Structures are given as C-alpha cells and as structure tokens.
Amino acid sequence: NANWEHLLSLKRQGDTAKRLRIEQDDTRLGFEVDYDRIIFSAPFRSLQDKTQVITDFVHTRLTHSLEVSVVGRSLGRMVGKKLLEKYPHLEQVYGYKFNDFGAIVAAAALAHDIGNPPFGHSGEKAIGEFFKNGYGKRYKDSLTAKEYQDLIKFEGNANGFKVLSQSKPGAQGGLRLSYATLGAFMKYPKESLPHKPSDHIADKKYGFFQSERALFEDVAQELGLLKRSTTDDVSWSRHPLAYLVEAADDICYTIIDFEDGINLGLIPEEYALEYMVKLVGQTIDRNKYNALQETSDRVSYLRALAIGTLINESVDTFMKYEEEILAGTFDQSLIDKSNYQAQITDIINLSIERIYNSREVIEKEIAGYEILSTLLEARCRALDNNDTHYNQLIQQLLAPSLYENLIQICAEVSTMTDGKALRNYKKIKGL
Amino acid sequence: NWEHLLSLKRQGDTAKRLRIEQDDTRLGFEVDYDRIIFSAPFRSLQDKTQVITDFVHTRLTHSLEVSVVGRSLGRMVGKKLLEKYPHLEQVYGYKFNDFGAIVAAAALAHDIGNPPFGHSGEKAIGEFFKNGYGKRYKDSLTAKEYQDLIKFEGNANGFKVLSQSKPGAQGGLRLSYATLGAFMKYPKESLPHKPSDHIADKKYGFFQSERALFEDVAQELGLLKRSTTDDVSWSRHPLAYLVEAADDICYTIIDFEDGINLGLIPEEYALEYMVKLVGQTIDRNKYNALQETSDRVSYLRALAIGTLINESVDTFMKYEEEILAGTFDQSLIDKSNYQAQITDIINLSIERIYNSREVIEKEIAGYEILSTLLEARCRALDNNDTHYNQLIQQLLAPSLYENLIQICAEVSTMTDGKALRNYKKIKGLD
Ligand SMILES: [Mn+2]
Ligand SMILES: [Mn+2]
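Residue numbers (the deposited numbering), protein chains in the order written: chain B, 1 to 400, 407 to 437; chain A, 3 to 400, 407 to 438.
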C-alpha cells in the first residue's frame, strides 16, 4: 500500500540528498516553483500559437491549460485540506500544508497538454499512420515491438513527459519538476505494450516512451507507486493526485466545450439551460440569470456554476474512494462516479455532434494529416540520406540511435507551433 | 405509335395515366419542368462553370438557353405533328404545347449529371479506374460494370441523378416517361462500345444501376429494339432529336458569342462567320448603329438561332417517318444546309476558346482535383475502419459496383467550389 509521505516527494532528477518538506523555504516551495518553471518554458509559451479544434483565434490550448490548472488548484486545495485532517501526522511531523496539494495538481494540470501534436487526436493519429502505413513503415524491422508501438500509437501524454524531463547538454532533467508533480502528471503509468491490457482508464493509453522508461522508473520508485505488473512489461498504479488532474481536465473540456459551441453558434442556446439545469439549480440565482441580457454572459454564468458543482462532487468522490486509490484498486475516473453522468453524457454527445463533427473541424483535421505526414517524411528522408544537397537543406531548415532519432523527430514535429508548421510545410511544397 | 411515345407514366405507377383526363394546370410534362427547376442538382449549376470561369457563363444559363430553344422546337414540331396525325389531338387529347414541354424539360436537365471541367473531367474519372487506383476493382466487376467506370459518361450520370431512389424519395424526380425518353440521346448500355458510327452509338446513356429503369421506360414508350442480345439498345425517342438540336444550336452559336465577348475571338470575324446564317434577315443599318460589341454579337446570335430553329423543324418533318422507324442515322444539324459554316464556327471555337492557355490550365488542374477526390473516397471505401477514412467519409459522403458508381455520381455532381475546397483540405493547401 502506498504512503502519502513518499507520494509527496520534492526530489528532482539527479538529486544526491533528500529534500525534507519541513526544511523548505515557503517562499521557494518546490511544488510552487514547478508552476513557474512551466509558465516560463519555451514549450508552454508555444501554446500561444497552437489552436484547439476550433480556430476562432480566442480558443487556444494556452487558455485550456490555464483554466484546467485553475480548476486543478481548487481540487487539490480542498482534497489537500481533507487529507491533512485524515492523516494529521503529515502536517504535525512532515510539515505538509494544504496548498502543497493545490500546487502539485496545478502544475501537472498546467502541463497536461504541453506535448500534444497540433490538430487534436487527429494529430496523434496522423503520426501513427505515418509509421504504420506511410514512409515510416520501413523502420518496423529495425525497432523493438515497444519502440514501434510508441510510434504507430504515438501519444501526446508520453510526448508531454519527454518535454518536461528531456535532458540536453547543459540542462539535465528538463524543467526538473518535483517527482510528486511528475507522478500527478502521469495519468497512464505504463509502457506502450501491452496495448489496453484491461478496461481501466489507466490502461487505455500509455504514459511514457521507451526513451523515458528509465526516467519514470526512478520517479515511480521514489514515490513508491505500486507495481501493477512485473511481467517485464512495467506498469504502476496511478499516483492518487493524478485522479484530480484528470478530473480538472474532464470538467473543463465537458463544460467549456459546451459553452464555446453555444457562443460559436454551433449549438442552439436553448440547450444550455436544458442540459445544465440539474448541475446549477441548487446554486443559481434566478434573478441574476434573467437580468443578464447577453447569451455569452448567461452561458458563462451557467458554466461557472456547473464547474463549481463538479469540483465539489469530485472532492467527495476522491475522499470516499481515497483508500482504494491508495491501494491501486480504484478502476474508474472520478467523473465516472458522478451523479450527473446522465447530464455530462448528453453534454459530451451534443458537443461531438455539433462541434467535433462540424465541417470546419473535420476539414482542419484532414489537412493536418497531410501537413504532419509531409513534415515527417522530409525529416525521415533527411535522416536516411543526410548526404544529398536537398536533405542538407532540409536539415538546416527543420533541425539545425535509430529509435532515439525517430522519437525525437516525432517530439519536434509535435511541438511546432501551427505557424512554423504550416510555413515550413508550405516552403517544402513551394506554396 | 406517337400515342405510346407520349407516355405520362411515372415510375411506380400501377395504373395508366390518360392524356384526356389530365388537369391542364397540372399537366405531367409541365410538372416535370418545375420539378427540375426546384431540384437541388439543377440549383447547383449556379456554381458550375461551362469552360471559362468568368462566373457569368455558367452551366445554369446554358441549360436555360437550351431549354428555351427546345420548347420552341417542340412547339413548332408539335403543331405540325398534330396536323399530320390529327387523331392524336381529336381522340387522345394531345396539344402542341405538350411537345414543347417534353423537349423543354429534357433539355433543361441535359447537363445535370456532367462532372466539372467538361470532357477533361469525364476522362479523369475514367482514367482513375482504367489505369489509376481504381484498376484494382476490375476483377470484382462484370465487363459492363467496369466499362461504366473506365468510360464514365455524364449523360448516364444525368439519368441516374434524375431517377435515383433515396430513403423517403423513391424514383428521384419521377419525371414522365416521355420526358425521360426525350432525355436519352444514347439508349444503350456501356457495352458493346461504339458498335457503329450512328450518333446514337457514340456513347451510352445509362449505367448498369439504371438498366432496369430504362428497360421499363423503353417498354412503356414502345422504343424499337436495336439489339436482340443481352446487350440492350433501343432506337431514340423521336423528341430526343429535338433536345440534341437545341443543344447543338446553343453550343455552336453561343460559344462563339462568348468567345467574342471574352476577347478570345477577334470581333472582326463576327460577320464573316455568321453571314450565311443571318444574311437574309440581318438589318445591316441597325447592326451598324449598335454601339457595343456585346449588342452586335447578341443580335447576330438571335438571328442565327432563329435560322437554325426553323431549318431544324423542317429537317425533323422531312425525316419524321424515318425517325419514327429508327432508321434515321444522323443528327438534324448534320443535315443542315449550313453544315459547313457550323463546322467553321465550331473549329474556330476549338482553336480560340477550348485550346486557349486558360482553358487548358483549368483542365489540367481539374484532372488532379478529381483524381485526388476519387482516390480519397475509394481508399476510404476499402478500409473504412481507420480514423482518417472515418473523417474522409464525414467530409464527403455522410455492392462494390453500386458503391463505386455512387462515388463517381457524387464526385461528378460536386460544385466547382466544393470540389476545389475539399481537394484543398485533403492536400493541406489553404
Ligand atoms: Mn485537456
Ligand atoms: Mn449542352
């Protein structure tokens, strides 16, 4: 069974001595510094020019990441305060405070989208398609089964972990986030294989590439995560705070996708109160709602309330199943146990029908397949014959072990802004 | 019999519809015209370009002008047929406006199934299945089903568009069987290919998927058999000759008028090419007082179309018996006394319009656009499990032969814009 004293590790990669919570300066608390390191990092700043499914210029992945980190800070503060009541020795002996849990969830949430390719899950699938059926199929017999699985099922979560921890000359350990933050980041503590060994949400995807396996082994050992398999296919039970990072993300994309689609016209405004009345009625001020004269103001009032309702419930679900999560025996997400799962489901379904299957979004994702394939092919052909005049040009333009080279090409194409990607694609194509 | 050729039957009818008992304000031949006007495929001709993409020479206006010339041919031939066969009016109740409405409606629809980029667009579809990706399906198709694809015809796709059953809408527009017979210039299937040099044998008029329908049409109309084998062929409905003459007249004369207005044809050539066609009716002093090029040439065009309409009526009636017996071998315009001038006009249009660099550039771009969409749809058809091919199905289209012919039908009826837009997205370019 896992221990909250080890799960709240302040260790950073390469540390030679232990970091005790009591001995920290509260003005420079490890977990809070993690948040700043992310805000100021080049991968986070690049989210300015990375659009979500809809490209209205005011629907960015930076805003999503920001709002997920805010909701995440709330979730972790409230759970953190209840956990210190249950296990008083964590504050009495180890010096932990409730804002520590707030900070861990907030930093992991803030970073949760940092490694995703452009164009959504279509972007991930364009990359996988490239190595499964495109030019990149040629590498299959030179890679291990799990190196190849990293590629053909390329996963933005796992690319995220690489962005946060990648060593470079003069920058060992990447952003060097606290291990507790890295533990909460990891929604899927498993390798690419075996694929979907169970129906648990933690088994649905994978969380780290082969290139990062040794790194997460260090994190998992320090946190004391529970070994879920020892069959040479490593996987662990989720760090408890990872459920809150997931819940914050789930809450935001459920409610705020709905809001956005109402504002963009894709969802008639009538559905707003219809799908959300159960989630708001115990807290809504009817007088205030009927005075608001603008649709955007009405639906954002409803969204603030729906999000408040879901945070409060998610805290309760965590505390109820707290011992099962600590044992690694909790099989669902926090949101899967919500009493509003009927309402959440109808919301998600309407959002899919009217937004994610809208003609604009389908078009952006189809063009994304072509943009990502073209960039991957220019990179891989340059890797294969670095001697030609053209491939040396391509090398100066796009990038000035075989598996490490391929995964790095994937990481770099994935972290390109939409601006650099399209401009470089157009250049390659003569447009 | 002309009585049977003038069928008011609609697909699925279980009882004969008699001309004498029709409501004049709701006459089936004229209802056909209205159904076409309001149909979504005819409306889409607004965003379809004939050859020059000036946005003021659409396939819609061409279709309209062909139907106007058709109604005029049908009215005049109609009046003369009722004088030759008076029982048709006095006993069966036909009127001369009936023949104008049948010809007008089939002419209005004649272009409805044609792909973008003209004949280049048909040839790109065919080349996709002869030598491109679509080659793989050859062994899974009958010879006639594959021939539908490698020699894709917009005339046959027009017939499909007009008659396709969909859930809640069996039989397409459900036009009168006379209207569909007047539509079918090539009443044969895709094989055998060009069995003679007869104009009715230069292409084919229906795909295998519409074979059963046209069989029912030909039996009701009483069209004469041209084959006693399993390769079905029939002699053209007489009125199909008038639909063809309306189209022949408009493309020859109005393409020339367009070329002059556009600058592709020097205006100096206007009178030289038209003088035989207009020389006895032209008011030369009024021609010289006209101050705009566009007015001078539209005056010449109206004179020439008038000349060619009157002659075509007279050619039809000189050969009516031969046409009723399926022994007429040519088009009406082939018998014209102005055949040589018509040929000079058409050749000048080929030289100055159809072989201009702008038109050539459009067709080359068309080949890629259609080839790309056809490959995207056909790969999506073969592996509909992958994410990309789910997306391809949602963007373009939300039995193998029935599937392949439907993909050609759908790619063919796309507006110029949506084709270029969807092509641009699949290729990533804006
Ligand atoms: Mn997210
Ligand atoms: Mn025509």
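From the three backbone atoms N, C-alpha and C, an ideal C-beta is built for every residue, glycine too.
Note that the C-beta distance between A202 (chain B) and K190 (chain B) is below 9 Å. For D56 (chain B) and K50 (chain B), the gap between their C-alpha atoms comes out near 12 Å. Pairing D113 (chain B) with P194 (chain B), the inter-Cα distance amounts to about 24 Å.
The beta-carbon of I362 (chain B) is placed less than 9 Å from the nearest beta-carbon of chain A. The set of residues with CB atoms less than 7 Å from any heavy atom of ligand 2 reads, in chain order, A:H64, A:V68, A:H112, A:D113, A:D249, A:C252, A:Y253.
Across the set B:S229, B:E360, B:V245, the C-alpha of B:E360 shows the shortest separation from the C-alpha of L266 (chain B). CA-to-CA, the gap between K18 (chain A) and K11 (chain A) works out to about 7 Å. Residue contact with chain A for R359 (chain B): present (Cβ-Cβ distance below 9 Å to some residue of chain A). Interface annotation, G425 (chain A): not in contact with chain B, CB-CB separation never under 9 Å.
Our two residues, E259 (chain A) and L334 (chain A), have alpha carbons roughly 22 Å apart in a direct line.
Classified as exposed, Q48 (chain B) has fewer than 16 neighbouring CB atoms from the shown chains inside 10 Å of its CB. Closer than 8 Å at the C-beta level to chain B, one finds these residues of the segment 374 to 396 of chain A: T388, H389, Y390, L393, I394, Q396.
Residue A:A107 holds the alpha-carbon nearest to the alpha-carbon of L75 (chain A) among A:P88, A:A107, A:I54, A:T63. Excluding its 5 nearest sequence neighbours in each direction, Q13 (chain A) has C-beta neighbours in its own chain below 6 Å: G173, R176, listed in chain order. At least one CB of chain B lies nearer than 9 Å to the CB of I434 (chain A). In the DSSP assignment, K227 (chain B) falls within the beta strand (DSSP E) that extends over 227 to 230. If you ignore the 5 residues before and after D424 (chain A), its C-beta comes within less than 7 Å of the C-beta of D49, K50, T51, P118, all in its own chain and listed in chain order. Within chain A, not a single residue places a beta-carbon under 9 Å from that of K196 (chain B); the smallest gap is close to 16 Å. Take the alpha-carbon of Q166 (chain A) and the one of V299 (chain B): they are about 45 Å apart. Nearest to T317 (chain B) by C-alpha distance, out of B:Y340, B:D297, B:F98, B:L305, is B:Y340. Judged by DSSP in its simplified three-state form, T329 (chain B) adopts coil rather than helix or strand. Contact of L437 (chain A) with chain B by beta-carbon distance below 9 Å involves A367, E370, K432, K435, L437.
The contact set of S420 (chain B) on chain A, defined by CB atoms closer than 9 Å, is empty, because the minimum CB distance reaches about 17 Å.
Going by C-alpha positions, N411 (chain A) is about 12 Å away from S142 (chain A). Looking from the CA of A242 (chain A), the closest CA among A:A109, A:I352, A:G128 belongs to A:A109.
Residue pairing of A171 (chain B) in beta bridges, as defined by DSSP: B:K168.
Taking 8 Å as the Cβ-Cβ cut-off, the segment 129 to 142 of chain B approaches chain A at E129, given in chain order. Contact with chain A is absent for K227 (chain B), since none of that chain's Cβ atoms lies less than 9 Å from the residue's Cβ. Ranked by how close their Cα comes to the Cα of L397 (chain B), the residues B:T388, B:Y96, B:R379, B:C416 have B:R379 in first place. Cβ atoms of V245 (chain B) and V79 (chain B) stay farther apart than 8 Å, at about 12 Å. Inter-residue distance for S198 (chain B) and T329 (chain B) is about 13 Å (C-alpha atoms, whole angstroms). Judged by DSSP in its simplified three-state form, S235 (chain B) adopts strand. In the structure shown, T27 (chain B) adopts helical secondary structure according to DSSP, grouped into three states. Listed in chain order, the alpha helix (DSSP H) runs fully inside the segment 236 to 290 of chain B are 241 to 264, 270 to 280, counting runs of at least 4 residues.
Within 8 Å of the CB of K205 (chain B), no CB atom of chain A is found; the nearest one sits about 15 Å away.
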